[PDB]
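K.L.:
pasting the structure only:
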Ligand SMILES: Nc1ncnc2c1ncn2[C@@H]1O[C@H](COP(=O)(O)OP(=O)(O)O)[C@@H](O)[C@H]1O
Ligand SMILES: Nc1ncnc2c1ncn2[C@@H]1O[C@H](COP(=O)(O)OP(=O)(O)O)[C@@H](O)[C@H]1O
């Protein structure tokens, strides 16, 4: 049976660790403390004073979700009409094949938190996944890692984009994407699960047009049972509902840019590293023209797009937003403000990057007139396959050590212990003694002609090169002799900390579905995860 | 002034040395002793019982020599009609430009001996040079040595021969031979003598048709004053006079071949090395057909030419000799017998090869019914140029040592004395100590994997190669540093014992005429040489 364990592992980002630890200084960066049990009721009471267009949102969502044919999704959306309901929201880009595992872990986080709070608070709490379909960074979503001879390599979908178009409006080349899927799967070991899985994934592709369509369909197959609601930020249909918040962003635009710059300075001053790159020429909105996305920038009280020589006064842009809301979209700064406008948010589920940059946005929320919602760290998970757990034990490596720093230093220690002790010492001594002997010869030779010196020093270096080559040869032979053990260090790392990054950032769910099957995933989803800020280890 | 000195130098051929020393056993190999003063009168008395066709020979020679326009040659030939006269004879091949210096030394020997005996005996004694014009070995005569960067090199006349024709009947390509002469002279330093000499040599060429014509003309220019008589064995004109001796060779042919084979065995048995290659199938005559020369061989009492499918009975060949004597010619074995038939010979002047092979012919002479004439060693000469004598002194080499063995061993000793003593010892020690150190490393490496051994032994040998290359480099630098001295050892050898052979075998008179002029040659000819069997050194 599958087992859940925990480990206490520090985040390498000191801001995120301080947040997780509940430092007093975090009230300068966040509006709700996740460290007191009664915060959730307080959050609900704060939400009861806000106005949402719940019927309109629910009708849009209902209409959007008719493509999935899921009574569970529809029953979730129906709960949004109850004025006491709220949602747990988190989001990701629309990675091909669902992208990195942290996308799955995030969705699990949303669903688990929403269920736990529905039970504790006794109001409906809906799990919403925010598909970042407005985003035009297709290089972030157009590949998965595959495992090759030297380790993980990006396998990119072979399709180029002329237009800088959003994920939600970029079409997939059906034939190229099907071939790519075959190429990803061809790297796996074939199992009893392979054909059915590959058929299901290809079915989802042929029912898609865009990157977001395909992502949604896979996610619905995986989670519709749990009643997960999908909100695609790049769907033209949602834009009408966003009009007044685009207009609010416009009206408070100068105050917003000030709020970002001041918070970022404060963060830098407190000892931390802001990551949002958005100066005071930025309106923090994008405009779509001819299927492409352009930055809106500021020029002495006006709004401009420099690449298209377009501009607007504030009043002209306000009217333009009313008439054509579908042309507008948010950036990193404004997306969270739009989320909070649209959705009655009990909690936002955040990864470590998002925790850092949400701390940059505290004053931004205030400029828009509402609190930052509570920010709950998503679950951080490592899947420990049984053959990897066996190898950790065989190589005398502690699980926590592997998760924190991989296996490279351990491997290097093992290899060195295979070099006989007396080799190193005699090799060191030989280099030095041979050079001393050679020097005595050069001393005699030089009495013939001082102009020999360069040639004599070349000769000495050539001999030392031979000795180095000898040493390199003996090391290569040890590498060969010990190759089966040494490869096990590499296998452990490849699984747990590929490229010295966390498993959940590098790998993807398809490997695991292919190897372990649907019953694995069902069990995995339903494990008793908890939000105590501990690293979760799922032992297969 | 030019000075004559002597040195006592042993011949490397023990037979020739024993002859020169007057060993008792030499009466098995020769008919007259050159070691008793009264032999010359005895020889004259033996000749007074022989019949020669002196008027016929003198008329032929007179007619032949009209091309030279020399009253001195003609006055010499006139002496042959005196029934008391005799000749000193010696011979050589018709080398281009007069061939090796020993050709000049031989002619000097003939002229000096003839003059000395004319004075002592008070009968006319004529100097005759036997031009070996019948010989078809053009590769022996179609070049001279020239001095190039690595020492003496043969410079061959660029002309090929289809026909295996005699020197006396082979035409020179006028244009190719003039070019070749220019190329030989171009290697000399130009002097005040050059143009006149080159003009004289080219004049002789344009007055020649054949190899023998050119040789004779040069020799006449050099010696006609002394009344040297030229007998060209390959002139058709002389053949009629030879008829009866061709016929005698025929009649006694079986006895001749037996005489050669028995003497050769005896010589081998006495401890010496016969050099004539002529078995019992050999008639020891050649036949000329269509300008080419063919061996006459024997086949069960008949005479055959195998290559032309021609044969004769003895009686048929006898008649053929009478009708066509011009078609016949002698080989190494029969030439001396023909010489003795034709010319009343007081003495034969011989080089060291000829002394050896004349010893093979003692019984051959007897089969023909006459004694072998006295064999006088020709003068062996070294010309010592003043700059070479200076260099011998500077390099601490004794003249005799240089003449006996060149300068190579001395040069090698000088060079070694320039290698510091402590270099050799430290280089030797280093090779050994480095290999001992490297071995200790290989001993440690091999504990990893025994299959490394070849690679480890390769590594060790590569290092030892570096040390050898170091040593070779230091030696090359010493060679450069000492290059002016070392080159002087080489210069001395190049002059005195080029290619470790005697000067007189390798070099040629033109270099000396070009450098030193006609006055040099006049003086050289007239030096007081003596026949005491000592090496003659002519100091310029
Ligand atoms: N695509 C993948 N996603 C996640 N983990 C992987 C993937 N491929 C391999 N692994 C893990 O990494 C380990 C080492 O993989 P690898 O070196 O490719 O091959 P193997 O272990 O089969 O020789 C695997 O045993 C597995 O646990
Ligand atoms: N063609 C030659 N015949 C005879 N002796 C020669 C000839 N050429 C050179 N020599 C002799 O050999 C010596 C060495 O000659 P070589 O090395 O050619 O040139 P050099 O001495 O002029 O540098 C000369 O100095 C001379 O005494």
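P.N.:
Looks like it arrived, so ask away. Residues are numbered from 1 along each chain as shown, chains lettered A, B, ... in the order given. Ligands and ions are numbered 1, 2, ... in the order given.

K.L.:
Can you name the residue of the stretch 301-450 of chain A nearest ligand 1?
P.N.:
residue A:385 (4.9 Å; CB to the nearest ligand atom). Where C-beta positions appear, they are placed from N, C-alpha and C, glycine not excepted.

K.L.:
which residues touch the residue nearest to that residue when sequence neighbours are not counted?
P.N.:
Excluding its sequence neighbours, the residue lying closest to residue A:385 (CB to CB, 6 or more residues apart in numbering or on different chains) is residue A:540, at 5.4 Å. For residue A:540, the contact set (CB atoms under 8 Å, 6 or more residues apart in numbering or on different chains) comprises A:2, A:383-386, A:516, A:520.

K.L.:
same check, this time on residue A:499
P.N.:
Residues counted as contacts of residue A:499 (CB under 8 Å, 6+ apart) are A:151-152, A:506.

K.L.:
one step back: wait, doesn't the residue of the stretch 301-450 of chain A closest to ligand 1 sit right on residue A:496?
P.N.:
No - using CB atoms under 8 Å, residue A:385 makes no contact with residue A:496, being 9.3 Å away.

K.L.:
Of the two, which one has the most company?
P.N.:
Comparing residue A:385 with residue A:496 by other CB atoms under 10 Å in any protein chain shown, the one with more neighbours is residue A:496, at 24 against 18.

K.L.:
Could you find the closest non-adjacent residue to that one?
P.N.:
Nearest non-adjacent residue to residue A:496 (CB to CB, 6+ apart): residue A:402, at 5.0 Å.

K.L.:
Kindly indicate whether that neighbour is helix, strand or coil.
P.N.:
helix (DSSP: H, G, I helix; E, B strand; the rest coil).

K.L.:
In this structure it contacts residue A:498, no?
P.N.:
No - the criterion here is CB under 8 Å, and residue A:402 misses it with residue A:498 at 11.6 Å.

K.L.:
which of those two has more neighbours?
P.N.:
Between residue A:402 and residue A:498, counted using other CB under 10 Å, residue A:402 has the larger neighbour count: 23 against 18.

K.L.:
buried ones in stretch A:52-70?
P.N.:
For stretch A:52-70, the neighbour count (16 or more other CB atoms under 10 Å in any protein chain shown) marks A:52, A:54, A:57-58, A:60-61, A:64-65, A:68, A:70 as buried.

K.L.:
In the stretch 101-250 of chain A, which residue sits nearest ligand 2?
P.N.:
Taking CB to the nearest ligand atom, the stretch 101-250 of chain A has residue A:150 as its residue nearest ligand 2, at 66.1 Å.

K.L.:
if I pick residue A:351, what's in contact with it?
P.N.:
The neighbours of residue A:351, taking CB under 8 Å, 6+ apart as the test, are A:102, A:106, A:377-378.

K.L.:
In contact with residue A:152, which residues?
P.N.:
A:145-146, A:494, A:498-499, A:506-507.

K.L.:
and which of those residues is nearest to ligand 2?
P.N.:
Nearest member of the contacts of residue A:152 to ligand 2, counting by CB to the nearest ligand atom, is residue A:499, at 73.6 Å.

K.L.:
Looking at the contacts of residue A:152, which are in helices?
P.N.:
If you go by DSSP state H, the contacts of residue A:152 have A:494, A:506 in helices.

K.L.:
Most neighbours out of the contacts of residue A:152, which is it?
P.N.:
Counting by other CB under 10 Å, top hit in the contacts of residue A:152: residue A:507 with 24 neighbours.

K.L.:
wait, that one sits on residue A:99?
P.N.:
No - here residue A:507 lies out of contact with residue A:99, judged by CB under 8 Å, at a distance of 10.4 Å.

K.L.:
near ligand 1, which residues of the stretch 1-150 of chain A?
P.N.:
A:146-147 (CB under 6 Å from any ligand atom).

K.L.:
what about stretch A:394-406 and ligand 1, touching?
P.N.:
No - Stretch A:394-406 stays clear of ligand 1 (CB under 6 Å from any ligand atom), getting no nearer than 12.3 Å.

K.L.:
Can you give me the neighbour number for the residue in the stretch 51-200 of chain A that ligand 1 sits nearest to?
P.N.:
At 3.4 Å from ligand 1, residue A:147 is the closest residue in the stretch 51-200 of chain A, using CB to the nearest ligand atom. Residue A:147: 17 surrounding residues under other CB under 10 Å.

K.L.:
got a list of what residue A:419 touches?
P.N.:
A:474-475, A:478.

K.L.:
what's the helix or strand that residue A:16 is a member of in contact with?
P.N.:
Per DSSP states H and E: residue A:16 is located in helix A:14-21. If you take CB under 8 Å, 6+ apart as the criterion, helix A:14-21 is touched by A:10-11, A:25-26, A:29-30, A:267, A:271-273, A:352, A:355-356, A:359, A:375, A:377, A:533.

K.L.:
partners of residue A:230 in the sheet?
P.N.:
residue A:129 (DSSP bridges).

K.L.:
Tell me how far it lies from residue A:359.
P.N.:
Counting by CB to CB, to the nearest Å, the separation of residue A:230 from residue A:359 is 27 Å.

K.L.:
And these two? Which one has more around it.
P.N.:
The neighbour count for residue A:230 versus residue A:359, taken as other CB under 10 Å, is higher for residue A:359 (26 against 23).

K.L.:
Can you identify each of the helices in the stretch 151-300 of chain A by residue range?
P.N.:
A:174-186, A:194-206, A:211-223, A:236-251, A:253-269 (DSSP state H, counting those that start in this stretch).
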